[PDB]
Number of protein chains: 2
Amino acid sequence: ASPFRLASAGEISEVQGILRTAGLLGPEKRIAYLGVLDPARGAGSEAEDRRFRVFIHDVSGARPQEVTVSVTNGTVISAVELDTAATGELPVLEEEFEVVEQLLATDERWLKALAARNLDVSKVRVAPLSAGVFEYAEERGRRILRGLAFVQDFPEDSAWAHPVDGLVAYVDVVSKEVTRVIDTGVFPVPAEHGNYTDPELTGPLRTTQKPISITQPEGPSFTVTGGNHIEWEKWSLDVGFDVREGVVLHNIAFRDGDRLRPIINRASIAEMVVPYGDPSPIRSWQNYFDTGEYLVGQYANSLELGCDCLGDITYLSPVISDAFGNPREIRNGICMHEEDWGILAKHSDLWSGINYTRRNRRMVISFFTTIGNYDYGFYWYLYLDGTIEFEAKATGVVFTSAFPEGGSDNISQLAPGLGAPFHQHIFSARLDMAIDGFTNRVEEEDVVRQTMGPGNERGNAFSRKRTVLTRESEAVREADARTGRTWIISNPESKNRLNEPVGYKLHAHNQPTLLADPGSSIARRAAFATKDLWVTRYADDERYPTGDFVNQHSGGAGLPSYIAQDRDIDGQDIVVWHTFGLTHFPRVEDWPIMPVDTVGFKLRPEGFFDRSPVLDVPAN
Amino acid sequence: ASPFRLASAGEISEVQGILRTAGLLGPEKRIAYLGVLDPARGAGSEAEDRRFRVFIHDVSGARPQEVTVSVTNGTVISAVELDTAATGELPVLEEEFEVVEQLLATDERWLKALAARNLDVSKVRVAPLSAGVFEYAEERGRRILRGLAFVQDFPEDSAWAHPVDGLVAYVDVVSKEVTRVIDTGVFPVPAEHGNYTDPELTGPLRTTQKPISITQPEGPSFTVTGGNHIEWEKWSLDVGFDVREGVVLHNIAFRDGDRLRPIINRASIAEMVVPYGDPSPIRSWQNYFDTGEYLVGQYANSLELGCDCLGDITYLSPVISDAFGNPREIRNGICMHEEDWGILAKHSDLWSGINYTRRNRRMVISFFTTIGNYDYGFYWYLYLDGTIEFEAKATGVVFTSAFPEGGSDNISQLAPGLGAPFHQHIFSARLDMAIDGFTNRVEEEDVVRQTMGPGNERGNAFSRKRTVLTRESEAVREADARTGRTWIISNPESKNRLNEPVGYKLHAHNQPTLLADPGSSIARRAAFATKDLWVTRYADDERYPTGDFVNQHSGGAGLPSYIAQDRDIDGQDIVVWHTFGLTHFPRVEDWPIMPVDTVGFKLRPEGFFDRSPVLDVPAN
Ligand code: NI
Ligand code: NI
C-alpha cells in the first residue's frame, strides 16, 4: 500500500527472521529498539523499499549493534557494532525494570539501610531510573540504572506515598552488580496512604454528574484508507507510530481547491525530558528522557471507549516488536475522532442585515503513555481554518521524596512529611517543514513599538519586523513574549495572490525553558531544552535533538552538533525544532493523583491561502 | 429573593417611575446607562435594598446627571449634575449612531469629497466611531462622533470590503452639526466584494461535514435557582448581567466538605480597548472602549440553539433599559451549559496493578456581542478541579482601509487595494478576590535559577521566589514569561492542613500589552492597558480601570488615580485587575470574515485544598 503505512506484524516477523538468519538475533540478543524507516527524499519513487532500523543489545555484555534490514528484499543492509562509551548506551529495556529491585534485595548494604528504617525488604519497590552522566568514572561504558525506594504496604497500595529518602543505589545491569549504595541519613517514611480508589480517602462518590452523550448518527466526516491515511475537511495525512516517538504525523497537506498543498512533511515529539531541581545527592542526578531513554511509544496504553476517548472513535492498534523480535499489538493505542470546537466565525451586520454564524471542528489524533509515575497524553489537532496544534497533557502520580524538616527551596509539601521535588517536563516537537513544498525559510517576527514624533505625531503607531534566519549558526532562537515574538515558515518561491510568500506562523506558549545551570550535565545532554526554537537543514540521520543513544551519553549529542554544521537554511529543505515545557512546583492539589496540566504550541496559516479557507463550510 | 438576582422588567419600569416622579426623567431626557448596584460591603443586612445607578442624558444640551435610586424604597438616593468637559461624556447612545451618516448626507464638504471619488451618497455608509480626546479644543464639553465611510453596493453588500480612504468627518451629535470634514486625497475604493454568503465567493458548500450530536439524556448536572443562582459540581455562583460589563459573576465559591468556601466575590471584564496602530490622520485617533464607551452588554446577540450553543443549553434573557427607561429583554442572551473536557486524571500503576482514569468537565457561562464590524464572545469556565478561566473570542469583519500603493509598515493587504490597519484588542478583568473570605494578599512568584557551586554542585537546582505586594504603590506589575511569573492571591489567615495559607494562582498568557507610545492620548486614557496586573484596595466607587465616564475623557480617573491612594493591600479586601489582549496584524485568511482568535487567563488552586478536590469523581 502506501510507503507510509503502519508496520505490519508480518514485517516485524520478517525482520526477526532476517536478523536470525544472519547471526544478529539469538540467545543473549535483545531488541532495544525497532522501527520502520521513512522513505528517502524523492518524487517519482515507484520502487518500495521497506527498511527497519534495529538496536540490538547483548545480555552477555558483548557490544550492541545498529542494524538496518530491508524487509521487502529480505536482507541486512548494515550492521555496526557500537562503542557505547563513545556513542551512548541503548534504550532501557522493559525487562530490566525489575532487575534493580531484585539485585538490591540481596545486597547487604541495601538490606542494612532498610533494617535501619525498619522496612521489610519484601515491601520495598525500587524504580529503575536512568543514570545520566556524572562523576562516576567506572560507569562509562557500563549500562547503569539507579534505584530509589518506595514502600508498598500491600499489593494494591500506592508506593509513591511512601518514599524512602536519604538512600539511593546504583546498579550495573549487565554484570548484575550493585555498584553502589548511598545512605545520607534516615528520613521518616511518610505514613499517609495515597490510595485514590480507597473510599476512606475519596469519600462518598458524587452522584451529581449527569451524562453527556456525544454521537455521530451518520458516522465521522473523516475517512481512513490504506490503514493509516486520513482525509478530513480538506486535510490529508498519514498517521505513523514509532516505539520511541509515539504517534508521528506524515505528509500533512491541505486541498486548496484543485491543489493538495503540503504544509508539514513530518511532525513528532522527538524528545521529552523531565529534569529535577532538588540538589539532594539522592536526586540531583535525576533527569528522565521519557522519549529518548525509555521510549514512550512502547508504553502506550490501550484506550478504552467511553472512558479515554468519547464520541465516535476510530482506533489504530499499532504493532511493535518485543525484546525477541516477535510482533506485539497495542490494541486501541491511538484514538482518531473529530470534535466540535465552538464558533468558527460570526458576524451580525447592521448594514447588510445578514447574520452569519459557523461552528468550528478539529480532527484529533492521540495516544496516552505511562512512564513509571507519569502518564502523558499526546494530542494532535487539525482545525477547519488550517490551524495545526499539539497539546501534551501531564498527569499520573507525582515523584515523591521526604519533605525536609525546616522546609525546602527545592521541594514542596504534599502531605505530612511528604515532599515533591521541583521539576520540569520539556518537549521537543520536530517539524520537518514542507510549506507548499520543501523550499522553506524561517523568519523571527517581533512586534515593533514606535516613538511618537515625525510620522507618528499621535504616538499610536506600531509595526512588526521579520528577520530571516539564513544559516544554522543564527537559527538558535529564544522566546520574547513581551514583543509577541513568533516564527514564520514560508516558501520564498510560492506566492499567494497578493504576491506574498505563503507561510505558517508558529505561536509558542513562551513557558520557561531549561532552568539548570548552563554548565550542568543536563544542560549539556539536553541542550535542545535551553532554547525555544532551532532550525536545521534536513538530514536523514538527524532525527532526535539529543541524538540516537541518549542513555548515559556525555553531552552535546544532537542539535548542538547538527547546528555546528552551519548549513544554509534560507530557502532550503529545513526542520524546525520547538522546545516547550511545564515547570512544576507540585501543590497539595496534585496529591494523591494529579489533575491534568497542559502545554503545547500551534501553527496558523499566514498568507498561505488567498482568502479564508472556510467560506464553504455550511450552516449544516 | 437574593439581592444578586437579575434586574426584572418591573424593577426597570419602577426606576423609570421613580425618576419621572422626582422630575429627573422628562421628555428631553435619555437613559445612557442603567444598572443595578451590588449589595454594600457587610454581613448582617437589614432586608433588601435594590439600588440602580443611572446616567441621564439631555437631548436639548442641558447637563447630564448621575443618579442612584432605591427601587425598593421608591427614592432617589442621590442625583448630581455632571460637568462632562471635566469628568467625561456619557456612553454613546444607540440613537446617536445613525446621526453621523444622516448629517453628513447633506453636508456640502462631505458631498464634495464623495463627488471627487464618484460615489453615490445614498450608497455610502458611515461607521459612527467614538472620538477620543485630541487637539480639537472645540470638542471639549460636546458629544462628538467621528465618521469613516464604506461603500455598500446593494442592500446586502458588505460595506467593509469597500473603505473610502483619505476621508473622515467629526460630528456633534447633540447640536447636530458637522464640525470638520477632512479629505487628505482620494484613494482607490477596493472593488472586490466580501460577501461570504455569495456562492460565487464561497464556491459550492461542503457536503462532507457529518453531524456531531451532543445531548444530555437526564438533563444537565447544574441547577438554576432564584433565576440566576447556579450550583454545579461543588461550585456556587450567581450570574448577573450589566449593560456595560455584560456577564458578571458573583460569589464564586466551592463546597469543600461542609464548608462553602468563597474564592472570588465578583468577576467581570471591566473594560475593553481597541487601539489602532496606523499613523494616517484618517485613523490615528481611532480607539474604542467597547465596554466603557459603547456598553458591550446592550449589544448582546440572541443566541441560537444548535448554532451558537450546542448541547443541552439553559438560557438567561437579561432585561435592560431602553433610551426612555422602558424594560427591554435580550432573549436568550446568555448560554449556560456544561461540556466534557477530556481527561481529568489518569494513572496506570505497575506496582499496584490499578489503572485509573477520570474525565474532566467545565461549566460554561457565555454571551456574544456585536459592535459595528467586531463580534466578541465572552466565556467563563469553571472546572472540576477548582480552576477558573475566562476566554474572549474575537471575530466579525476586519476594519478596513485602502492598502497604500507602496506598501505599509502599519497596514496589511487582504485583497487587491484593501488594507487592514494594525490594532489590538485589550481586556481588563476585574477580580474582586475573596479567597476563603476578604482578608487577602497578592504575591508575585518568579521561578528562580540557581548557580552551580556550593550547595548545588551538579547545577540542577532551581527554585521559586514570592514577593508580597504590601501597598498599592508597589502593586502595578508587568509580565515576565521568561521567569514563569505568576501572581498568587492568598488569605494569610486561612491555612490548609499543612499550615500554609490557602491560595489561587493566576496564569496569564503573557501577550503584549499596550504598544502605543507612553505619551499618547490612548496611553493615558487606557493607562490600565500598559501593565499586566494591578492590585487595589476595594472601594465601592472604583468599578472600572478607566473611570465611570470614558467617552471623550482624558486621563485623570481610573486605576492611576486609585493606586495613588497607596492603600494597604497586605491581608485586606483587595481587587486584582488583569490586562490581557490580542495584537492583530490581519492576514489574508482574516478576509472576508475573521475566524475566531482567542485570549484569556485562568486561576488554579494553589494550596487551597487539603488534597485533590476531585477524588470523589465517579468512574462513569
Ligand atoms: Ni510534573
Ligand atoms: Ni482584530
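All values below were derived from every heavy atom in this structure, side-chain atoms included, with hydrogens, water molecules and symmetry-related copies excluded. Chain A is the first sequence line, chain B the second, and so forth, proteins listed ahead of strands; every chain is numbered from 1.
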Is any side-chain heavy atom of [X] closer than 4.5 Å to a side-chain heavy atom of [Y]?
X: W591(B); Y: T400(B); value: yes
X: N301(B); Y: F367(B); value: no
X: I354(A); Y: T197(B); value: yes
X: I388(A); Y: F601(A); value: no
X: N551(B); Y: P91(B); value: no
X: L615(A); Y: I593(B); value: yes
X: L167(B); Y: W110(B); value: yes

Quick one: do the [X] and [Y] side chains pair a donor with an acceptor below 3.5 Å?
X: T387(A); Y: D385(A); value: yes
X: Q209(B); Y: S221(A); value: no
X: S130(B); Y: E293(B); value: yes
X: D120(B); Y: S122(B); value: yes
X: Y33(B); Y: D242(B); value: yes
X: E156(B); Y: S352(A); value: no
X: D278(B); Y: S401(B); value: no

#### Entry: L344(A) side, atom CG; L384(A) side, atom CG - distance, nearest 0.5 Å
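Taking CG in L344(A) and CG in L384(A), the distance rounds to 6.0 Å.
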### Query
Rounded to the nearest 0.5 Å, how far apart are CG of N620(A) and CD1 of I212(B)?
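If we round to the nearest 0.5 Å, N620(A):CG and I212(B):CD1 are 9.0 Å apart.
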Has [X] got a side-chain atom pairing as donor or acceptor with [Y]'s backbone, closer than 3.5 angstrom?
X: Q216(A); Y: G311(A); value: no
X: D340(A); Y: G342(A); value: yes
X: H193(B); Y: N195(B); value: yes
X: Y196(B); Y: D616(A); value: no
X: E96(B); Y: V99(B); value: no
X: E245(B); Y: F241(B); value: no
X: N496(A); Y: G607(A); value: yes
X: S317(B); Y: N332(B); value: yes
X: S612(A); Y: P592(B); value: no
X: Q424(B); Y: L515(B); value: yes

### Message
Tell me whether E95(B) at atom CD has more than 12 heavy atoms from other residues, nucleotides or ligands lying less than 6.0 Å away.
### Response
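More than 12 heavy atoms, drawn from other residues, nucleotides or ligands, come within 6.0 Å of this atom.
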### Query
Got a sec: does the CZ of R497(A) have more than 12 other heavy atoms crowding it under 6.0 Å?
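Yes.
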### Task
Take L249(B) and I365(B), measure what side-chain contact (heavy atoms from CB on, under 4.5 Å) needs, and give me the verdict at the end.
CA-CA 9 Å; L249(B) 303 189; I365(B) 297 156; 4.2 Å; yes
### Query
Among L295(B), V274(B), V550(B), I426(B), which one satisfies side-chain contact (heavy atoms from CB on, under 4.5 Å) with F289(B)?
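Testing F289(B) for a side-chain contact (heavy atoms from CB on, under 4.5 Å) against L295(B), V274(B), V550(B), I426(B) leaves exactly one candidate, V550(B).
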### Message
Is there a side-chain contact (heavy atoms from CB on, under 4.5 Å) between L418(B) and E192(B)? Walk through the geometry before answering.
### Response
CA-CA 9 Å; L418(B) 185 68; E192(B) 292 185 11; over 6 Å; no
### Intermediate values then yes/no, side-chain contact (heavy atoms from CB on, under 4.5 Å), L506(A) and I488(A)
CA-CA 6 Å; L506(A) 173 77; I488(A) 302 168; over 6 Å; no
### Task
Report the C-alpha distance between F399(B) and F150(B) in whole Å, list the side-chain angles of each, state the deciding distance to 0.1 Å, and finish with yes or no for ring-ring contact (aromatic ring centres under 6.0 Å, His included).
CA-CA 10 Å; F399(B) 198 95; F150(B) 293 85; 5.3 Å; yes
Do we get [X] above [Y]'s six-membered ring, with its NZ or CZ under 6.0 Å from the centre and within 45° of the axis?
X: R261(A); Y: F254(A); result: no
X: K393(B); Y: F368(B); result: no
X: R146(B); Y: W285(B); result: yes

Indicate the ring-plane relationship of [X] and [Y], choosing parallel, tilted or perpendicular according to the 30° and 60° boundaries.
X: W351(A); Y: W160(B); result: parallel
X: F378(B); Y: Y376(B); result: perpendicular
X: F585(B); Y: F422(B); result: perpendicular

Is a salt bridge present between [X] and [Y], judged by a nitrogen-to-oxygen distance below 4.0 Å?
X: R362(B); Y: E338(B); value: no
X: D590(B); Y: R611(A); value: no
X: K346(A); Y: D308(B); value: yes
X: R361(A); Y: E339(A); value: no
X: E391(B); Y: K602(B); value: no
X: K123(B); Y: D153(B); value: no
X: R206(B); Y: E233(A); value: yes
X: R125(B); Y: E98(B); value: no

### Task
Provide the closest heavy-atom pair for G194(B) versus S158(B) in the form atom of the first, atom of the second, distance.
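Scanning both residues, the minimum pair turns out to be O-CB, 3.7 Å.
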### Task
Determine, stepwise, if the pair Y288(B) / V273(B) fulfils side-chain contact (heavy atoms from CB on, under 4.5 Å).
CA-CA 6 Å; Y288(B) 349 96; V273(B) 62; over 6 Å; no
Can you confirm whether or not the ring centre of [X] sits under 6.0 Å from the ring centre of [Y]?
X: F580(B); Y: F390(B); answer: yes
X: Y276(B); Y: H423(B); answer: yes
X: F222(B); Y: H337(B); answer: no

### Evaluation steps, side-chain hydrogen bond (donor to acceptor under 3.5 Å, both in side chains), between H347(A) and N355(A)
CA-CA 6 Å; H347(A) 183 52; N355(A) 288 339; over 6 Å; no
